[PDB]
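Shown next: work-v3.pdb, containing PDB, C-alpha atoms.
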ATOM      1  CA  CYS Q   2      81.906  -2.344 134.146
ATOM      2  CA  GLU Q   3      82.605   1.398 133.899
ATOM      3  CA  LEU Q   4      80.088   3.748 132.287
ATOM      4  CA  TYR Q   5      80.464   7.505 132.043
ATOM      5  CA  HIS Q   6      77.678  10.048 131.904
ATOM      6  CA  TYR Q   7      77.964  13.743 131.034
ATOM      7  CA  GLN Q   8      75.340  16.444 130.880
ATOM      8  CA  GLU Q   9      75.039  20.171 131.169
ATOM      9  CA  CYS Q  10      72.508  22.010 133.292
ATOM     10  CA  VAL Q  11      71.756  25.614 134.223
ATOM     11  CA  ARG Q  12      73.648  26.537 137.383
ATOM     12  CA  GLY Q  13      71.471  26.941 140.445
ATOM     13  CA  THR Q  14      68.506  25.028 139.021
ATOM     14  CA  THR Q  15      67.338  21.628 140.233
ATOM     15  CA  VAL Q  16      68.186  18.598 138.108
ATOM     16  CA  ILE Q  17      66.125  15.412 138.185
ATOM     17  CA  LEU Q  18      67.850  12.203 137.143
ATOM     18  CA  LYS Q  19      66.896   8.543 137.000
ATOM     19  CA  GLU Q  20      68.986   6.168 139.099
ATOM     20  CA  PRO Q  21      71.150   4.043 136.771
ATOM     21  CA  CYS Q  22      70.213   0.908 138.706
ATOM     22  CA  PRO Q  23      67.915  -0.229 141.526
ATOM     23  CA  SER Q  24      69.206   0.305 145.080
ATOM     24  CA  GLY Q  25      72.695   1.251 143.951
ATOM     25  CA  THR Q  26      75.230   2.882 146.264
ATOM     26  CA  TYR Q  27      76.012   6.553 145.671
ATOM     27  CA  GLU Q  28      79.055   8.709 146.370
ATOM     28  CA  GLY Q  29      79.415  12.372 145.461
ATOM     29  CA  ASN Q  30      80.093  15.963 146.536
ATOM     30  CA  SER Q  31      76.482  16.676 147.485
ATOM     31  CA  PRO Q  32      74.047  14.815 149.763
ATOM     32  CA  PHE Q  33      71.734  12.368 148.025
ATOM     33  CA  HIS Q  34      68.142  13.502 147.520
ATOM     34  CA  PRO Q  35      66.099  10.382 146.737
ATOM     35  CA  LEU Q  36      62.734  10.820 145.036
ATOM     36  CA  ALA Q  37      59.912   8.537 143.935
ATOM     37  CA  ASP Q  38      60.088   6.409 140.775
ATOM     38  CA  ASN Q  39      63.777   5.478 141.035
ATOM     39  CA  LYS Q  40      64.865   9.111 140.670
ATOM     40  CA  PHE Q  41      67.022  11.626 142.541
ATOM     41  CA  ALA Q  42      67.447  15.388 142.641
ATOM     42  CA  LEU Q  43      70.467  17.643 142.933
ATOM     43  CA  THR Q  44      71.282  21.313 142.606
ATOM     44  CA  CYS Q  45      73.115  22.018 139.387
ATOM     45  CA  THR Q  46      76.825  22.750 139.904
ATOM     46  CA  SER Q  47      79.929  21.523 138.080
ATOM     47  CA  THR Q  48      80.515  18.268 139.913
ATOM     48  CA  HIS Q  49      81.085  14.507 139.705
ATOM     49  CA  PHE Q  50      79.310  11.647 141.469
ATOM     50  CA  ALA Q  51      79.057   7.905 141.083
ATOM     51  CA  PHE Q  52      76.847   4.876 141.614
ATOM     52  CA  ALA Q  53      78.013   1.327 142.300
ATOM     53  CA  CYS Q  54      75.513  -1.260 141.088
ATOM     54  CA  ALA Q  55      74.836  -4.862 142.079
ATOM     55  CA  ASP Q  56      75.771  -6.057 138.588
ATOM     56  CA  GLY Q  57      79.280  -4.684 139.073
ATOM     57  CA  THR Q  58      78.756  -1.661 136.847
ATOM     58  CA  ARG Q  59      79.951   1.680 138.173
ATOM     59  CA  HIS Q  60      78.424   4.814 136.698
ATOM     60  CA  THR Q  61      80.370   8.060 136.968
ATOM     61  CA  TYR Q  62      78.454  11.257 136.280
ATOM     62  CA  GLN Q  63      79.820  14.658 135.404
ATOM     63  CA  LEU Q  64      77.551  17.687 135.493
ATOM     64  CA  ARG Q  65      78.725  20.825 133.714
ATOM     65  CA  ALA Q  66      77.080  23.888 135.236
ATOM     66  CA  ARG Q  67      76.525  26.746 132.810
ATOM     67  CA  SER Q  68      75.034  30.226 133.010
ATOM     68  CA  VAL Q  69      71.750  31.466 131.510
TER      69      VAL Q  69
END
Show this structure as structure tokens.
Amino acid sequence: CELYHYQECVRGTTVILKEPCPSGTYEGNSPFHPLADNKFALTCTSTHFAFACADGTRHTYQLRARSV
């Protein structure tokens, strides 16, 4: 019921991710930026956020911001 995601991105750039599940609930350090096609956008910074899904699965994401 607990899945972990980890990915690196270039600090300052915009990251586009696919929602892990339809109409899931989100919680994180930055406001949610919903987009079309079950996706969402966020500015790359070292942070953590999570989604709670209807099937009981919780997805925790960790973004590692890096230079260059």
Written as an MDAnalysis selection string, what is the full residue list that the PyMOL selection byres ((chain Q and resi 2) around 8) yields on the file shown? chainID Q and resid 3:4 57:59
Write out as a short mmCIF file (atom, residue, chain, number, x, y, z; two decimals) with C-alpha atoms, in the frame of the given file each polymer residue whose atoms come within 10 Å of residue Q:39, counting all atoms listed in the file; drop sequence neighbours fewer than 4 positions from it.
data_model
loop_
_atom_site.label_atom_id
_atom_site.label_comp_id
_atom_site.auth_asym_id
_atom_site.auth_seq_id
_atom_site.Cartn_x
_atom_site.Cartn_y
_atom_site.Cartn_z
CA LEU Q 18 67.85 12.20 137.14
CA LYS Q 19 66.90 8.54 137.00
CA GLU Q 20 68.99 6.17 139.10
CA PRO Q 21 71.15 4.04 136.77
CA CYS Q 22 70.21 0.91 138.71
CA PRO Q 23 67.92 -0.23 141.53
CA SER Q 24 69.21 0.30 145.08
CA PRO Q 35 66.10 10.38 146.74
#
Considering all atoms listed in the file, can you say which of Q:55, Q:5, Q:27, Q:69 comes closest to residue Q:41?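 Selected residue with least distance to residue Q:41: Q:27.
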Using all atoms listed in the file: which of Q:11, Q:6, Q:17, Q:64 has the shortest distance to residue Q:43: Q:17
Which of these residues is nearest to residue Q:40, using only C-alpha atoms: Q:16, Q:28, Q:63, Q:8?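 With only C-alpha atoms as the atom set, the closest residue is Q:16.
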Just the number, please: distance in Å from atom CA of residue Q:37 to atom CA of residue Q:67, one decimal.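 If I compute the distance from atom CA of residue Q:37 to atom CA of residue Q:67, I get 27.0 Å.
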Using all atoms listed in the file for the distances, tell me which of Q:7, Q:68, Q:26, Q:36 is nearest to residue Q:48.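 Nearest candidate to residue Q:48 out of Q:7, Q:68, Q:26, Q:36: Q:7.
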One number please: atom CA of residue Q:29 to atom CA of residue Q:61, in Å, one decimal.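 Here the two named atoms are 9.6 Å from each other.
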